[PDB]
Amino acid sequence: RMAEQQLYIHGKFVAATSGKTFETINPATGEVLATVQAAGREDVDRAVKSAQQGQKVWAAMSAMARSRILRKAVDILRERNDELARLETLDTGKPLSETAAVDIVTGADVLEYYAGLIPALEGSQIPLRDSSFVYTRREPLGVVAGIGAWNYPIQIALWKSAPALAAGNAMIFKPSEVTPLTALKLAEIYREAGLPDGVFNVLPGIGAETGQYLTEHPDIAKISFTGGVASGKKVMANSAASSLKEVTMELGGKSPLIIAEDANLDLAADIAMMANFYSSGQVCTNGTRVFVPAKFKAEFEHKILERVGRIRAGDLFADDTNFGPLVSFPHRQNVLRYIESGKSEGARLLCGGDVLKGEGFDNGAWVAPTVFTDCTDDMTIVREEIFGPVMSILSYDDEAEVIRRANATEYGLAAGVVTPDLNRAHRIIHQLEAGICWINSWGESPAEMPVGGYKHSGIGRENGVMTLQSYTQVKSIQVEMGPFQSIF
């Protein structure tokens, strides 16, 4: 075990006053990684009062002073990339080959990006007439809250905290109870970089208690949430009933990958693989509906199976391991229920469909890489997000058909097309109802690129210049230099 994990409030670790704890499990072994204290209602109020004090100090600094502090945190994150990745691997089950290459690297990339943009955050000036003009300030919201998910814990903490801090706010962050550990490390790193006390506080806890207290607190101006649709609805509802808050939500999806009639099938299979089996399928943007032309289906299926042969499950710290267990045993039970529904509805199982067995697997939350084919639009595994390593392959005949079927979903997060044809690529992409679209690739999410969902996949965006601005609020100021006229 690790030492008991405490709350992080005002630049130090502190015990919760709730009397409550929870355990985070190592999904490779089933053993308790750490006992973690859960923030109660009083702890949340302490954190808000801490955040209000730190935010004022932070906002009073110059823009470049803030930039330098966030840049110092970047420098530390680069220095400690491997240490943090190992902790993320223990907490999440994702292979070290992923966490050491992606999770901290791309989280720190977004922090570095926003650090450089702070001096460029500007309001406007609007002349009305010789005797009057308007100017605007992009002011901090104040205290904002982030609620993270368990698939990319520190990356999510960085993608929410970076624009929030760069915009002059304090953020209170609640990591998922499944994966609370790296967020506490991030808090220490920020303070070491010189972040003022209270500007980034971390409250581990359960969604139903700590998360609810955050969403209900009257002095929190904005909630940013990553997770599933079901929890998103609770968060949105509670934020409205209790105290009005701006809200950002990234909620996953059922993203379609469209393989065109002129696609190279090796390229198409490589993209489909990376869109389904990275992080053991636990990625919001995964292309879990793979639409393949009927004329290519059989050959595509054989290419996918060949690549499934390249998946290497094993020791998560071994260099050649590229597939992990799922994040938790309850999550695995849910994925197995989806797989069983696929079988009972007649989807054709090409590989996988069961847990992994044997030495080194019996005690971990492993699900084999699973591919179904001959899938149809009404199947449960086609309609619902599984968030495991389960690819659904669907045949199609014509371009208008596949666009309709790709869009006939309540989800809207990502989409992609594989085609060498100029007109086909742009023409199809422009008709797809998704916020993140990839042409002849999958998964790259540059700091510069706004990402978020259409329809039930989200509200608002993350990354890009617009997200820095979305963590400010506009104040419009009219200077009236002429004589004021009253009609009374």
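Take the two forms, superpose them, and find the largest set of C-alpha atoms that agree within 1.5 Å; that set is the rigid core. Counting begins at 1, following the sequence as shown.
**Student:** After fitting on the rigid core, pick out whichever of 229 to 237 or 283 to 291 shows the bigger RMS C-alpha deviation in 9 other deposited structures of this protein.
**Tutor:** If we average over structures and residues in 9 other deposited structures of this protein, the farther stretch is 229 to 237.
**Student:** Would you mind working out which of 240 to 248 and 315 to 323 sits farther from this form in 9 other deposited structures of this protein by RMS C-alpha distance, with the rigid core as the fit?
**Tutor:** Comparing 315 to 323 with 240 to 248, the larger C-alpha deviation in 9 other deposited structures of this protein belongs to 240 to 248.
**Student:** Quick one: say whether 315 to 323 or 99 to 107 has the higher mean Cα B-factor in the deposited entry.
**Tutor:** Taking the mean C-alpha B-factor of 315 to 323 and of 99 to 107, the larger value falls to 315 to 323.
**Student:** For the C-alpha atoms alone, is the average B factor greater in 230 to 238 or in 199 to 207, going by the entry?
**Tutor:** Mean C-alpha B-factor is greater for 230 to 238.
**Student:** Sort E112, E122, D377, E299 by C-alpha B-factor from the entry and give me just the highest.
**Tutor:** If I rank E112, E122, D377, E299 by C-alpha B-factor, first place goes to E299.
**Student:** Determine which member of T92, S176, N286, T248 has the highest CA B-factor, using the values in the deposited entry.
**Tutor:** In the PDB entry, the greatest C-alpha B-factor among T92, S176, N286, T248 is found at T248.
**Student:** Using the temperature factors of the C-alpha atoms in this entry, rank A51 within its chain: lowest, middle or highest third.
**Tutor:** According to the entry, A51 has a C-alpha B-factor in the chain's middle third.
**Student:** Going by what the PDB entry lists, where does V308 fall on CA B-factor within its chain: lowest, middle or highest third?
**Tutor:** For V308, whose C-alpha B-factor we compare with every modelled residue in the chain, the answer is the lowest third.
**Student:** Divide the modelled residues of the chain into thirds by Cα B-factor and specify which third, lowest, middle or highest, holds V479.
**Tutor:** CA B-factor rank for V479: lowest third.
**Student:** State the tercile, meaning the lowest, middle or highest third, of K357 with respect to the CA B-factors recorded for its chain.
**Tutor:** Ranked within chain, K357 CA B lands in the highest tercile.
**Student:** Please rank the C-alpha B-factors of the chain's modelled residues and tell me whether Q212 sits in the lowest, middle or highest third.
**Tutor:** Highest third.
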